[PDB]
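Taking it in order: structure first as structure tokens, then the write-up.
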Amino acid sequence: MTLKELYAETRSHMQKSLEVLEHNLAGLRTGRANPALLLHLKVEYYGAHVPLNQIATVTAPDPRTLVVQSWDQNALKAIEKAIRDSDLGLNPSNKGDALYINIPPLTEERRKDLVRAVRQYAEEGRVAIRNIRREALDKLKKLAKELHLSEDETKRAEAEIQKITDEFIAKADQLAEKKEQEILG
């Protein structure tokens with residue numbers, strides 16, 4: 001529990017929050033040209049719920065299409081019977097070792113539901129990050145008094161915490177803003 005460990009810990013927590021944010025975003029139907037959209041899809045295979053990637057591959061040739069390659073011809077069948085079963089509203093077609101799935105332009109209804117969701121997640125990210133700064137500063141207050149650090153030493157430590165905070169805020173914004181541009185595409 002030293003200044004150095006305080007920093008490491010602060011950077012660690014913020015990093016975890018940034019990941020929770022990435023997750024919340026990747027779980028959104030962008031311009032939908034994303035292949036990761038279908039990665040988490042648990043597909044029923046041999047009575048088990050195996051994620052699609054371990055059972056198939058999905059690449060995004062052009063920004064309007066999505067292809068799903070399945071090594072197993074049978075798995076490909078059930079992958080299609082799973083791609084749907086969601087708000088995704090996709091229509092895969094059976095052709096060869098892969099399913100062809102066109103991504104239709106999204107309705108300005110779910111487009112609302114998407115840009116709003118992104119911004120909601122973004123602020124949730126910042127709130128978490130500012131709260132982490134808050135906890136780090138509280139710990140710095142006790143640590144400084146406890147270790148009798150100089151005004152310059154403690155103010156320097158505050159500056160270090162402040163610097164870590166702004167990097168993740170900046171990075172959080174960049175993530176959100178990028179997903180926003182994908183959705184408004």
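So you can find residues: chains in the structure tokens are A, B, ... in the order shown, residues in each start at 1, and ligands are numbered from 1 in order.
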
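Taking only C-alpha atoms, the non-local environment of residue 14 (chain A) within 7 Å (same-chain residues fewer than 4 positions away omitted) comprises residues 10, 18, 129, 132 and 168 of chain A.
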
Write a file of the just-selected residues containing N, CA and C atoms, as a compact mmCIF listing (two decimals), in the first residue's frame.
```txt
# COMPACT_ATOMS: atom_id res chain seq x y z
N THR A 10 -5.15 2.14 -9.10
CA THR A 10 -6.04 3.09 -9.75
C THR A 10 -6.12 2.79 -11.25
N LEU A 18 -13.16 0.41 -18.12
CA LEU A 18 -13.07 0.65 -19.54
C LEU A 18 -13.47 -0.63 -20.29
N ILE A 129 -15.23 5.91 -13.54
CA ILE A 129 -13.85 6.37 -13.54
C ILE A 129 -13.64 7.52 -12.55
N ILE A 132 -13.54 6.21 -9.21
CA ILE A 132 -12.32 5.51 -8.89
C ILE A 132 -11.30 6.57 -8.48
N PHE A 168 -8.22 7.76 -19.03
CA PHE A 168 -9.32 6.84 -19.23
C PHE A 168 -10.61 7.55 -19.61
```

Hey, what's within 8 Å of residue 32 (chain A) if we count only C-alpha atoms and toss same-chain stuff fewer than 3 positions away? As a list in words, please?
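Neighbouring residues, sequence-local ones excluded: residues 29, 37, 103 and 183 of chain A.
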
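Take the candidates A:16, A:35, A:142, A:175 and check each one against residue 66 (chain A) using only C-alpha atoms; the shortest distance goes to A:35.
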
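Shortest atom-to-atom contact with residue 184 (chain A) among A:139, A:112, A:49, A:148: A:112, counting only C-alpha atoms.
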
Rounded to one decimal place, report the CA of residue 136 (chain A)-CA of residue 5 (chain A) distance in Å.
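Computing the Euclidean distance for CA of residue 136 (chain A) and CA of residue 5 (chain A) yields 10.7 Å.
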
Shortest interatomic distance to residue 161 (chain A) - which of A:88, A:21, A:6, A:1, counting only C-alpha atoms
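Comparing A:88, A:21, A:6, A:1 against residue 161 (chain A), the winner is A:6.
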
Take CA of residue 179 (chain A) and CA of residue 67 (chain A) and report the distance between them in Å, one decimal.
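Going from CA of residue 179 (chain A) over to CA of residue 67 (chain A) covers 21.4 Å.
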
Non-local contacts of residue 43 (chain A) (10 Å; only C-alpha atoms; under 5 positions in same chain excluded) as a PyMOL selection string:
chain A and resi 48-53+55+75-76+78-83

Could you write out that same residue set with C-alpha atoms as a PDB file, in the first residue's frame?
```pdb
ATOM      1  CA  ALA A  48     -24.383 -28.064 -25.095  1.00  0.00           C
ATOM      2  CA  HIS A  49     -24.342 -24.282 -25.523  1.00  0.00           C
ATOM      3  CA  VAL A  50     -21.078 -23.627 -27.336  1.00  0.00           C
ATOM      4  CA  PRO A  51     -20.271 -20.076 -28.482  1.00  0.00           C
ATOM      5  CA  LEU A  52     -20.409 -19.617 -32.245  1.00  0.00           C
ATOM      6  CA  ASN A  53     -16.702 -18.823 -32.863  1.00  0.00           C
ATOM      7  CA  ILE A  55     -17.945 -23.695 -33.882  1.00  0.00           C
ATOM      8  CA  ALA A  75     -23.604 -26.862 -36.829  1.00  0.00           C
ATOM      9  CA  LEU A  76     -24.209 -24.367 -39.623  1.00  0.00           C
ATOM     10  CA  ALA A  78     -28.340 -24.739 -35.904  1.00  0.00           C
ATOM     11  CA  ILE A  79     -26.229 -21.603 -36.108  1.00  0.00           C
ATOM     12  CA  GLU A  80     -28.880 -20.158 -38.378  1.00  0.00           C
ATOM     13  CA  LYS A  81     -31.603 -21.320 -35.981  1.00  0.00           C
ATOM     14  CA  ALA A  82     -29.788 -19.194 -33.417  1.00  0.00           C
ATOM     15  CA  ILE A  83     -28.619 -16.125 -35.325  1.00  0.00           C
TER      16      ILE A  83
END
```

Write out as a VMD selection string the residues lying within 6 Å of region 94-100 of chain A, counting only C-alpha atoms and excluding same-chain residues fewer than 2 positions away.
chain A and resid 67 to 70 92

Check region 6-162 of chain A with DSSP on the backbone and list each residue it calls strand (DSSP E), as a list in words.
residues 42, 43, 44, 45, 48, 49, 50, 51, 57, 58, 59, 65, 66, 67, 68, 69, 92, 93, 94, 95, 98, 99, 100, 101 and 102 of chain A
